[PDB]
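The block underneath contains the structure these notes are about, expressed in structure tokens.
Computed from the coordinates by the stated procedures, all read-outs in this text should not be read as laboratory data. Because the Cβ atoms are built from the backbone with ideal geometry, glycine has one as well, and the counts that use them run over all protein chains shown.
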Amino acid sequence: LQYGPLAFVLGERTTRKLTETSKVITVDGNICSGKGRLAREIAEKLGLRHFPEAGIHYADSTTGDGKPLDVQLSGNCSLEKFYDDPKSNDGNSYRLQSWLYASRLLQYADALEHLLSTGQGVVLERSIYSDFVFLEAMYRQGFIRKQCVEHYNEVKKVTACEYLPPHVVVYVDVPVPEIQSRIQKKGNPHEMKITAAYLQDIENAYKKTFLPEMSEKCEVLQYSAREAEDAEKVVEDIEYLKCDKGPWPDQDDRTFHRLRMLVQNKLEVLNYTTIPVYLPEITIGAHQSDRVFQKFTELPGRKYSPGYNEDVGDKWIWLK
Amino acid sequence: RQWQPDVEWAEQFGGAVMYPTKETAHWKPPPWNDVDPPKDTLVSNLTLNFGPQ
Amino acid sequence: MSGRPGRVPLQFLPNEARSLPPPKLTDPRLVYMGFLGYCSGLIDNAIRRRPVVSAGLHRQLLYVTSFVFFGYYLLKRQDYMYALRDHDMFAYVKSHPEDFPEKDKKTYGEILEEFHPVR
Amino acid sequence: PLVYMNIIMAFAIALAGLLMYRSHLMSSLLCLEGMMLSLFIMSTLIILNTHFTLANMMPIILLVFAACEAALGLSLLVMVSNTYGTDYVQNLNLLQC
Amino acid sequence: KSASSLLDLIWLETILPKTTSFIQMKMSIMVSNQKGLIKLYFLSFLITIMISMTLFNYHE
Amino acid sequence: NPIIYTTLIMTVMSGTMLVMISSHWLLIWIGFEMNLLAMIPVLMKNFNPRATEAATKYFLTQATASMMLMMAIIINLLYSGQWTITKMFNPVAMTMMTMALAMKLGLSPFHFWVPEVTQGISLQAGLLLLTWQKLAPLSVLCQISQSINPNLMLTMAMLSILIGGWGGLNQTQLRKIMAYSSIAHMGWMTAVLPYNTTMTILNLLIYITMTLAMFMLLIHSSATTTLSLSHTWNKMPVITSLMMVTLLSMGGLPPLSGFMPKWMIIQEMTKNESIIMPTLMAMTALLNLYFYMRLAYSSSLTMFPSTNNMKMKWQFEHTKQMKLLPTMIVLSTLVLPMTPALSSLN
Amino acid sequence: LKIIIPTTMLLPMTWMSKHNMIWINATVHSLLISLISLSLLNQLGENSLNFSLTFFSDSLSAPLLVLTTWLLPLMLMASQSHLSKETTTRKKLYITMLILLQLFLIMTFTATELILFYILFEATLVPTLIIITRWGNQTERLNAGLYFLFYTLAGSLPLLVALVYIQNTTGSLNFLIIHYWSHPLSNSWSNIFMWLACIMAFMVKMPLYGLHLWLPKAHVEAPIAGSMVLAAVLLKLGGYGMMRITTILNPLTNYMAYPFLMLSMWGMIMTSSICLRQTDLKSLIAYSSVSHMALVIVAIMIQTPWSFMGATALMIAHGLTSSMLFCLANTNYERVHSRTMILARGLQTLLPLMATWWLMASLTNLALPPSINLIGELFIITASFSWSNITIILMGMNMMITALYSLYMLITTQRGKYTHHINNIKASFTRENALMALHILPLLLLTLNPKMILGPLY
Ligand SMILES: Nc1nc2c(ncn2[C@@H]2O[C@H](COP(=O)(O)OP(=O)(O)OP(=O)(O)O)[C@@H](O)[C@H]2O)c(=O)[nH]1
Ligand SMILES: [Mg+2]
């Protein structure tokens, strides 16, 4: 019943619904730079939908009851392990980045699906266009192997090519010494295990690659740290913005039809995130694959199609 | 556990041709997106000399 | 076939096919084709990961009814082609006696079929 | 008659010309286009000879679709000339595998 | 040396099965290995035409 | 825009129907363009360099065959003066047509186009090309089967089976091997065509239904390589199960419905005293069976290493309904006990 | 006909049954269906038991079906060693293949049409390669499927062309019709190839010296359930075929038999001699099966009344024992997790009862009197001796080796001194011991009145 080719024939357009405030906006910053707050204020100020930064279990948030499943059943990767021993022989570093890429990739697709369907603006923390920088910082520290970078840039180019840049991208500039003070104040025991070279590496690859190439694709707003707290000031600029630089304006109803059909078919959305590149870390063996998948089966609300599982309590099954 | 295929066995029929030879040894399996990337820019706008006559 | 006289093209069971006895509803060929409807029912829920034996019975009932329906006319056309093939066949031999003579069938007392010893 | 011989060997060299690519598709595409000219002249020769009034139909109607085949033909060559730049059949091998 | 290794494990299994396995293997390569040039494909269509109506002459 | 893509798909169907309902030699050609005209757009719907690759390759061979098809008709007009769809009255013209139609079907060395085009274009268009254009030339061959040269068509059929199945065990792309497999199935239906036309239709229908069932399964799995299909066991093991069942069906082992034509084809050929020819095609059909199991080996019968991100695919579910899939699968596997239905086609 | 419907009726049985009752429910109904099958040796005189238009039975088929219907319980408990850890759906589908296998073999033997026989004859393949390749243990089980199937079709397919040729010539191939409407085979060159096509299909599923590479390449790597069913009944599918197809292949059989029976004669000594020099335990029974199976090749080729009776007697008896040695292979293999012969030695001092089953198995395969192995083998010797006096020096020299490797496995595995570092063998469960008992008792207590086993010519 969801919008398909039949709906386009019947009259379901999508360039009519969008308005001036139909902007998808991504906030960006360093590690614990406070950009997540700025995403929240700009979302509620202009009535934009807020999407928290996609964690390891963000896919668990959009599936089933929205609760984080077991890590061994939802990634077999822990950010804490990535924090503690970055050079672990198991390879948790690339398991973190590759899984988080698809979580952001699913985050971006849902954000665009809402923007294209209702037209109400969506604000999300970071994006796939800001995902490469984390891996670039990793390779710049011995965190990862070069083959992992090759696999990531391959899937990123393959998957993110047909998507479009987000309307407005806003970055908060917090220096590394300030960032180190913030994380030290946080007190979470895993985030002392960081490297100042890593923190400048992630910062450098933002302003050297992310912001430059994003500038010609869509509007860039570099914001000072002190200016970020003034949530009133940050939103006036995005309100009266040109919103013309990039491939967003030259987008007819037919190309919008292709975009909606792609994002609405969730399996296709991350279909190419499972490239058969046989990396030693990325690959999971056959016995693990069967046992872990066999584990996934009897988890409640997973054995059959949604709305068909008896353990959930779905009634009227014999005529569903 | 019965022997299940490993990575090395997967690469048997993993290349462009599972049954290769020197002629196809330099081939390249097609991209997974089935779209070749754009090659060198092929814009060659000719130059017109307006004036001075 | 494709050229027999008195044939209406694109015409299903004609006005003389009804002269043959209809296939019974308990025809073993018909129920098997109904079983194909049952098989095509259960598999459907397998792709859509639904309870393969206790999901929507409306689909399974409609899967069986469609197979049992179109099969019955096909099973009617089944015999009519064979009956038509048999009908004209017997007219040809009657109309062409010289191509189908009747040998004077003689008992094995006269037949000299030689014996092959195996040892 | 001898006029018929001249214009069926027009097909033959056109047949040889079409399925013999040397440098570029445009020359072969034109040969495909001109191939129907013999086909037009061929079909036209019997039809006025035999005085079959109705079947004067098909020389024009063969011309509808033969040139329509060319119409999508050289418009296809447009798509090549943007991705490929040139129109060379030798380069036209990116599906080597 | 003669019964197991020579005949069953080597000879009997290389005469019938592996030879035919290799016969298909030996030259199935260029059956699939084609340069992809439209020139070579259409030039081959030329020869097929001539062999059909001129050399073997199915008409004649 | 989807509304127009319905029309060009309809015209391709309309043009094919035009071929199979026309009694004029002219209109039969007209349907071929009606197929040819609207095919190229749907062949390059994705608009890839491979799509333009395959579209150009498709057009050159198909236009050549259709253009060769007229003066095959025209020489018939010269030596018969008849436009009606009947047996042909001049031999050299009809030999000329047999090459033209084999070019459309891809039987002879003419077959080089079909495996090349199938890879560049998407799976959905690959199915339509591989299951719908195999009817219009079949209808014309069915009509002109009276005066068909036995040596000419049998030689074409043998090669289509031979090279069709011989290079099959050399391609790692599924779209390639099906095109290779189709040429082998192309030979099977064309071999019986000179002898009895009825079994050609049955083998056509049996091959067509299996062609949907596999290509339709492939779209659901969204696979491009054998390794890509191998990963399917970790999401929908049932789908990968019908995968192999269809492979053995396309192989032709009973009770599976793929033994339908192989059982029926050799019957009248042996009735027609042709016995050596049936033996050779059956034995070389094992070449088809080989890469059939190899795909089945890599997909269903054994596990294969998966990826880390593969787990998240379990959480989500497919959205495409992919209509008429279960009926095709059953109609492609459990059909043998209903054999006498060839009379209904007859 | 009353056997087939319950046999199909076990298909919903296993597929629906509770997670833990699937094997219990399947085991009983396989045991109960041995009732209605056991009423198939129940037979009239020389006339065959024709109870339907498409299904019929005789004294040649009757021992076969009661073997298969009995057999399935054996593979059921045999698979209850290594299928426990698998998922429920895979466990259910394993029964599906075994039950689907029964439905085929139970129907080939009853088929009254040559093509219907052939359709089901080669149809049994599809359940097999599922068993060998999906549930196999070693690595080259993948190569096992290709070797098994391609060998079978390469001979079966020309038979299909031959069968339709006979269909067009004489009119029908109903097993009775061809018998009553018999026609001598002329010495024309065309008939030679038709004779060769008719026989070659059953030869490949009758391991001949040279057409037997799939015997060690399938039985060794197949699962335990697939191993016995492939060695006990599947090899006999050709045996049923040749006993039936020879009715239309005379007198061309006698002159054409020399290239074939002799190759079986010389290879049957060779293949038995192979077992004398082996390193893999499961390869012993595979090669021993080849020699025993090749023995009846000579018997059918002579087409002598005594030979046919001896062929049928050895056919069932070899199937029962060859399956048994495969069970004993499984128990030792499971305990030691290896198929090497010389690894597990001195097992009798640890498993005394298992040694007795090993004793009875190898001694019955030795074919002592009065066991069905001996009476089947002895009848072949007498028929072969009548055909030619030199036949005793060859087929007798097989019995030379036959006693050797039969005791060789017994001595090196059970007898001798145990290897010290193996700390895995536990006491044998009641499962395998009952499995061995259910194999040994029907063979022994059939010896009192084996006339259900000799065959129609009895
Ligand atoms: N590899 C990887 N790590 C990520 C990603 N997103 C967040 N993280 C990790 O999340 C941890 C916290 O840093 P951030 O998520 O950037 O920021 P934060 O602490 O949530 O605070 P704000 O920036 O104010 O939202 C660090 O370990 C990051 O490396 C991602 O896409 N990939
Ligand atoms: Mg953050």
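Here are the numbers for the structure shown:
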| read-out | value |
| --- | --- |
| Within the range A:35-60, considering residues that are more than 16 Å from ligand 2 (Cβ to nearest atom) and more than 10 Å from chain F (Cβ to nearest Cβ), the one farthest from A:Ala231 (Cα to Cα) | A:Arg49 |
| D:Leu25 vs. criteria more than 14 Å from chain B (Cβ to nearest Cβ), closer than 30 Å to B:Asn45 by Cβ and surrounded by 16 or more Cβ atoms within 10 Å (Cβ to Cβ) | yes |
| Identity of the residue in the range A:112-126, at negative phi and buried (at least 23 other Cβ atoms within 10 Å of the Cβ), that ends up nearest to ligand 2 (Cβ to nearest atom) | A:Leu124 |
| The range A:61-106 - residue that is among the basic types (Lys, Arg) and surrounded by 19 or more Cβ atoms within 10 Å (Cβ to Cβ) and, of those, nearest to ligand 2 (Cβ to nearest atom) | A:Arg104 |
| Hey, G:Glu86 charged (D, E, K, R), under 30 Å from F:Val238 (Cβ atoms) and not in a helix (DSSP H, G or I) or not | yes |
| Residue in the range C:29-49 that is outside any helix (DSSP H, G or I) and over 28 Å from the mean Cα position of the chain (by Cα) present | yes |
| Only listed residue being within 7 Å of another protein chain (Cβ to nearest Cβ), within 19 Å of D:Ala70 (Cα to Cα) and more than 21 Å from the chain's Cα centre (by Cα), chosen from F:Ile40, F:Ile30 | F:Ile30 |
| Any hit, the range A:172-192, residues being away from chain B (no Cβ under 14 Å), hydroxyl-bearing (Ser, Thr, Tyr) and within 15 Å of ligand 2 (Cβ to nearest atom) | no |
| Unique residue being among the charged types (D, E, K, R), more than 7 Å from every other protein chain (Cβ to nearest Cβ) and more than 21 Å from F:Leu202 (Cα to Cα) when the list is F:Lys323, F:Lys313 | F:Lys323 |
| Residue ranges of helices (runs of 4 or more DSSP H) in the range A:35-143 with at least 2 members over 17 Å from the mean Cα position of the chain (by Cα), more than 15 Å from ligand 1 (Cβ to nearest atom) and charged (D, E, K, R) | A:35-45 |
| Any hit, the range G:250-257, residues being under 21 Å from the mean Cα position of the chain (by Cα), touching a residue at least 60 places away in the same chain (Cβ under 8 Å) and crowded, with 19+ Cβ neighbours inside 10 Å | no |
| Selection status of F:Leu107, within 14 Å of chain E (Cβ to nearest Cβ), farther than 24 Å from F:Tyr5 by Cβ and surrounded by 24 or more Cβ atoms within 10 Å (Cβ to Cβ) | yes |
| So G:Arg134, is it facing another protein chain (nearest Cβ under 9 Å), of a type outside the set (A, V, I, L, M, F, W, C) and more than 26 Å from G:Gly210 (Cα to Cα) | yes |
| Subset tally (residues that are within 21 Å of C:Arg49 (Cβ to Cβ) and either out of contact with any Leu (no Cβ under 9 Å at 6 or more places or on another chain) or buried (at least 19 other Cβ atoms within 10 Å of the Cβ) (or both)) for the range A:274-320 | 28 |
| Test: residue in the range G:363-377 that is buried (at least 20 other Cβ atoms within 10 Å of the Cβ), acidic (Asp, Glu) and touching a residue at least 24 places away in the same chain (Cβ under 8 Å) | yes |
| Residue list for the range G:401-430, restricted to those being within 23 Å of the chain's Cα centre (by Cα) and not aromatic (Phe, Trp, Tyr) | G:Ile401, G:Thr402, G:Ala403, G:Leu404, G:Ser406, G:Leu407, G:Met409, G:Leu410 |
| Test: residue in the range A:173-192 that is surrounded by 14 or more Cβ atoms within 10 Å (Cβ to Cβ), under 21 Å from the mean Cα position of the chain (by Cα) and touching a residue at least 12 places away in the same chain (Cβ under 8 Å) | yes |
| Within the range A:127-157, considering residues that are under 23 Å from A:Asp85 (Cβ atoms) and of a type in the set (S, T, N, Q), the one farthest from ligand 2 (Cβ to nearest atom) | A:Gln147 |
| Filter result (assigned to a loop (DSSP other than H, G, I, E, B) and more than 14 Å from chain E (Cβ to nearest Cβ)) within the range F:118-164 | F:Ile121, F:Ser122, F:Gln133, F:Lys134, F:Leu135, F:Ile144, F:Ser145, F:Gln146 |
| Some residue of the range C:64-76 being crowded, with 18+ Cβ neighbours inside 10 Å and in contact with a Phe, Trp or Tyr (Cβ under 7 Å, 6 or more places away or on another chain) | yes |
| Inter-residue pairs, beta-carbon under 7 Å, first farther than 22 Å from F:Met281 by Cα and within 14 Å of chain F (Cβ to nearest Cβ) and in the range G:160-189, second outside any loop (DSSP other than H, G, I, E, B) and of a type in the set (A, V, I, L, M), 6+ apart | G:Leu173/G:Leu114; G:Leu173/G:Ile115; G:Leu173/G:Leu163; G:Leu173/G:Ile166 |
| Verdict on F:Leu256 being outside any helix (DSSP H, G or I), away from chain A (no Cβ under 14 Å) and of a type outside the set (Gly, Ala, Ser) | yes |
| Qualifying position, being surrounded by 21 or more Cβ atoms within 10 Å (Cβ to Cβ) and among the polar types (S, T, N, Q), among F:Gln133, F:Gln124, F:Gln82 | F:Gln133 |
| Subset of the range G:233-267 (residues that are hydrophobic (A, V, I, L, M, F, W, C) and assigned to a loop (DSSP other than H, G, I, E, B)) | G:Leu249, G:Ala257 |
| Some residue of the range F:215-228 being closer than 30 Å to A:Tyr278 by Cβ, assigned to a loop (DSSP other than H, G, I, E, B) and among the β-branched types (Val, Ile, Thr) | yes |
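Yes/no per residue for (1) more than 7 Å from every other protein chain (Cβ to nearest Cβ); (2) among the acidic types (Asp, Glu); (3) in a helix (DSSP H, G or I):
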position	(1), (2), (3)
E:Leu12	no, no, yes
E:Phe22	yes, no, yes
E:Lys35	no, no, no
E:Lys39	no, no, yes
E:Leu43	no, no, yes
E:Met53	no, no, yes
